[PDB]
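Peer 1: Take a look at this one; I'll ask things after.
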Amino acid sequence: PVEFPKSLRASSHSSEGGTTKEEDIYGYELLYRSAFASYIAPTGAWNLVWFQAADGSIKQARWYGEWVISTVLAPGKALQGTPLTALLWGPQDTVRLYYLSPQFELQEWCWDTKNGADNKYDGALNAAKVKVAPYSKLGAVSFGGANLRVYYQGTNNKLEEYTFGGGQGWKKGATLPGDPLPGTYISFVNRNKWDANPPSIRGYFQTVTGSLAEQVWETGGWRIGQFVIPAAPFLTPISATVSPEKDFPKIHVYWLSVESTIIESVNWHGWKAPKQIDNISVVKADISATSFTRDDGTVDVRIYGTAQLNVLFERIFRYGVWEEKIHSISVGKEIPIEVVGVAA
Amino acid sequence: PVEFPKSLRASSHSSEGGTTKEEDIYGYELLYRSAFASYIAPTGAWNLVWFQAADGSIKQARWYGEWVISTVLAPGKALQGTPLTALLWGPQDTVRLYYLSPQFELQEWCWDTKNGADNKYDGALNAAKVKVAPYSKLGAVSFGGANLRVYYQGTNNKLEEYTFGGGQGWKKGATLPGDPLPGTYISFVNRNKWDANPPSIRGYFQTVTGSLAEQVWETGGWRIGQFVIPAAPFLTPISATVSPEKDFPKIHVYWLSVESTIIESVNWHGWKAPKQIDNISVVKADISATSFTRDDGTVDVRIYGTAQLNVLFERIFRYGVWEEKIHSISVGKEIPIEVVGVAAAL
Ligand SMILES: CO[C@@H]1O[C@@H](C)[C@@H](O)[C@@H](O)[C@@H]1O
Ligand SMILES: CO[C@@H]1O[C@@H](C)[C@@H](O)[C@@H](O)[C@@H]1O
Ligand SMILES: CO[C@@H]1O[C@@H](C)[C@@H](O)[C@@H](O)[C@@H]1O
Ligand SMILES: CO[C@@H]1O[C@@H](C)[C@@H](O)[C@@H](O)[C@@H]1O
Ligand SMILES: CO[C@@H]1O[C@@H](C)[C@@H](O)[C@@H](O)[C@@H]1O
Ligand SMILES: CO[C@@H]1O[C@@H](C)[C@@H](O)[C@@H](O)[C@@H]1O
């Protein structure tokens with residue numbers, strides 16, 4: 001068997017006090033510690049997830065009655081271990097996926113379906129040849145339709161912005177305040193509606209002290225926000241999502257604890273105390289959260305990431321509860337392995 | 001501060017029962033979880049270590065009175081996150097470094113220094129365009145001078161061999177027995193002297209059950225060896241090295257515990273019980289061990305890898321003891337970060 005810390009739970013079927021003996025799955029055609037991007041349709045009618053396969057291609061999992069896997073970027077287009085982040089607007093007929101080339105330049109994949117089209121192509125961002133820090137992660141928001149903002153870590157480790165819209169093409173945007181940890185995960189959201197202008201932007205990242213911090217944009221410029229977590233694991237994965245709950249934006253910020261369990265902090269008329277959403281230890285690796293608002297004004301959340309041993313998980317917050325059944329999305333060949341809990 | 005499990009020790013200055021509050025170093029120009037290759041000179045006169053920088057280049061650290069850092073492969077030569085393994089013979093004037101291209105093909109870097117040379121160049125292996133499983137690790141041994149064997153994981157997850165020597169060029173070699181874990185770390189050693197023929201080859205890897213296992217080559221062919229660890233962490237780093245102790249090959253095999261502490265098994269007139277060499281938790285990431293025999297008959301060991309938070313460590317076994325001073329080799333810009341030991345999630 002493989003050995004696992006006895007005090008941690010590897011799966012939903014692990015014993016209540018930790019792992020004793022169980023079977024878990026190794027999906028070896030998923031890149032170990034793959035990045036993830038995702039977007040659930042604002043209607044909730046379908047789901048999109050993107051990930052990196054072991055062969056380096058970027059693939060897509062789409063749920064529409066059932067999960068279907070496809071390849072969107074051939075092997076060689078993306079850095080091995082590229083970050084990923086996605087945009088969806090129109091309200092839901094135009095998709096952009098951002099990633100890094102093997103030369104650490106920002107890249108954009110475009111999928112247009114407006115008016116029955118089905119066009120997939122390399123976006124104009126590629127031609128700006130924007131070199132980033134080689135360990136940079138990626139965030140992005142959209143507003144007013146096709147006004148786009150891409151967030152990255154520059155070669156001097158500051159967080160940087162690239163902008164698109166209003167006929168200007170891609171141009172360098174703001175240099176953000178704060179002192180980001182080199183290689184920090186980053187996640188940016190827009191609290192205002194996809195077709196609204198101006199946006200209301202929040203980004204989440206880890207500072208050089210290890211704390212978690214917040215970027216704020218409102219009319220008037222960029223500011224460091226009130227969201228402060230004094231200590232977090234080194235290079236903890238971070239992902240945030242926002243959707244209106246009872247007509248007010250509900251920000252969900254997720255990161256990993258020292259036990260590699262998912263911690264959630266909610267902003268909705270103020271910040272709520274952080275809370276562990278479940279006590280199952282995921283693989284310390286990228287997570288991706290997305291959300292939508294139902295007809296009665298409640299907000300659903302999905303989180304994608306890597307579970308033991310190398311499985312694409314989907315955690316579901318629906319009708320006000322985290323579902324104890326954690327879904328898995330098969331992306332290729334798999335082998336089952338016995339896992340035994342071992343103490344120090 | 002950054003949070004670290006309270007029951008683990010992040011460095012040698014951590015408190016005795018685990019981490020309380022301390023300062024640690026993040027070297028951010030070292031690729032996080034870099035691969036490592038290494039070789040100490042058989043005379044012990046100098047050390048070589050290879051690693052991947054954050055920008056994807058492959059760099060070398062060379063100790064000869066002091067550490068000197070150089071770049072040996074420019075950005076774009078290697079897969080980001082490439083495995084690394086090195087050979088040294090002549091007894092110590094010919095170096096080869098194996099890595100993967102961004103297209104998952106075996107690549108070879110050559111450094112020849114015999115007779116005053118300083119020649120660095122791409123090897124003939126590159127032109128063979130050998131495609132490997134994209135998560136393949138790499139091992140290698142040499143014998144009879146320039147007879148070379150490179151070990152990798154094929155697309156069907158079996159361990160495979162490529163051969164060089166005897167005027168034949170690079171050719172496909174054996175398919176090895178056993179059922180290797182996809183993406184297993186692998187480490188191969190030659191128990192016989194560099195100029196001797198036949199060799200005596202041992203390889204260490206992790207199986208689909210999670211156990212650790214051993215490949216054996218002697219005259220007659222390959223077989224599965226008697227070294228068995230029934231359970232180990234998923235995709236645990238593995239590194240082995242061998243050097244003669246009292247005219248008998250002494251194999252050291254290293255892997256990580258669930259606490260990410262380094263475990264050692266020795267083979268020297270039989271396998272000894274596995275034992276933790278120290279209780280400091282390294283980053284769960286590639287390690288590289290090398291060894292040589294002093295002219296008094298005793299075997300020194302060096303181990304390189306990633307320590308908290310991201311620094312290149314050197315652990316030293318010298319004159320029969322693991323030295324308490326665990327060195328760090330700076331490879332670029334660094335920032336100090338405060339680390340606090342934390343018991344629960346919140
Ligand atoms: C029409 O241009 C395409 O769509 C825009 C919204 C941008 O994503 C641009 O980079 C892309 O090439
Ligand atoms: C109006 O200002 C522009 O758009 C805002 C939404 C921000 O992206 C800002 O950095 C940018 O300069
Ligand atoms: C007004 O406060 C700002 O906006 C809120 C929605 C939060 O993002 C808060 O952390 C931030 O400082
Ligand atoms: C002279 O040839 C060089 O040395 C041999 C030992 C091999 O490493 C070969 O691939 C390399 O090109
Ligand atoms: C003589 O046989 C060749 O040399 C041995 C040392 C092994 O490398 C074997 O796989 C190879 O076929
Ligand atoms: C003869 O036995 C073989 O050689 C020994 C040196 C060990 O490597 C052992 O595990 C292996 O089975």
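Chains: A, B, ... in order of the structure tokens. Residues: from 1 per chain. Ligands: from 1, in order shown.
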At a cut-off of 6 Å, which residues of chain A touch chain B? Count only C-alpha atoms and give the answer as a PyMOL selection string.

Peer 2: chain A and resi 1-3+55+80+134+209-210+231-234+257-258+337

Peer 1: Run DSSP on the backbone and grab whatever in segment 70-306 of chain B lands in strand (DSSP E); send it over as a ChimeraX atom specification.

Peer 2: /B:70-73,85-89,94-100,106-112,119-122,139-143,147-153,159-164,171-175,186-190,201-206,212-218,221-224,232-233,238-244,249-256,262-267,275-276,288-293,299-306

Peer 1: Compile a residue-level contact table for chain A against ligand 2 at a cut-off of 9 Å, reporting for every qualifying residue the shortest atom pair and its distance in Å to one decimal, with only C-alpha atoms and all ligand atoms counted, rows ordered by chain and ascending number, as a Markdown table.

Peer 2:
```
| residue | atom | partner | partner_atom_place_in_ligand_line | distance |
| --- | --- | --- | --- | --- |
| A:143 | CA | ligand 2 | 6 (C) | 8.2 |
| A:147 | CA | ligand 2 | 4 (O) | 8.6 |
| A:148 | CA | ligand 2 | 8 (O) | 8.2 |
| A:149 | CA | ligand 2 | 8 (O) | 6.1 |
| A:150 | CA | ligand 2 | 8 (O) | 8.9 |
| A:161 | CA | ligand 2 | 10 (O) | 6.9 |
| A:162 | CA | ligand 2 | 8 (O) | 8.0 |
| A:163 | CA | ligand 2 | 8 (O) | 6.6 |
| A:172 | CA | ligand 2 | 12 (O) | 8.7 |
| A:173 | CA | ligand 2 | 12 (O) | 5.3 |
| A:174 | CA | ligand 2 | 10 (O) | 4.6 |
| A:175 | CA | ligand 2 | 10 (O) | 7.9 |
| A:176 | CA | ligand 2 | 10 (O) | 8.2 |
| A:197 | CA | ligand 2 | 6 (C) | 8.4 |
| A:198 | CA | ligand 2 | 6 (C) | 6.3 |
| A:199 | CA | ligand 2 | 6 (C) | 5.9 |
| A:200 | CA | ligand 2 | 6 (C) | 7.6 |
| A:201 | CA | ligand 2 | 6 (C) | 7.4 |
| A:217 | CA | ligand 2 | 7 (C) | 6.6 |
| A:218 | CA | ligand 2 | 6 (C) | 7.4 |
| A:219 | CA | ligand 2 | 1 (C) | 7.4 |
| A:220 | CA | ligand 2 | 1 (C) | 8.6 |
| A:221 | CA | ligand 2 | 9 (C) | 6.7 |
| A:222 | CA | ligand 2 | 10 (O) | 7.0 |
```

Peer 1: If we count only C-alpha atoms and set the cut-off at 10 Å, which residues sit around residue 138 of chain B, ignoring sequence neighbours fewer than 5 positions away in its own chain? Please answer as number ranges by chain.

Peer 2: B: 82-86, 98-100, 106, 132, 150-153, 159, 184-188

Peer 1: Record the distance separating atom CA of residue 155 of chain A and atom CA of residue 51 of chain B, expressed in Å with one decimal.

Peer 2: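 Interatomic distance here is 20.8 Å.
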
Peer 1: Throw together the list of residues within 6 Å of ligand 5, counting only C-alpha atoms and all ligand atoms, and drop it here as number ranges by chain.

Peer 2: B: 173-174, 199

Peer 1: So how many Å separate atom CA of residue 18 of chain A and atom CA of residue 300 of chain A, to one decimal?

Peer 2: 28.6 Å

Peer 1: Go ahead and compute the interatomic distance for atom CA of residue 196 of chain A and atom CA of residue 144 of chain A, in Å to one decimal.

Peer 2: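 Atom-to-atom, atom CA of residue 196 of chain A to atom CA of residue 144 of chain A, that is 4.7 Å.
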
Peer 1: Applying 9 Å and only C-alpha atoms, which residues near residue 151 of chain A remain after dropping the ones on its own chain fewer than 3 positions away? List them as a list in words.

Peer 2: residues 137, 138, 139, 140, 141, 159, 160, 161, 162, 186, 187, 188 and 203 of chain A

Peer 1: Pick from B:191, B:172, B:325, B:333: nearest to residue 252 of chain B, with only C-alpha atoms counted?

Peer 2: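 The closest residue to residue 252 of chain B is B:191.
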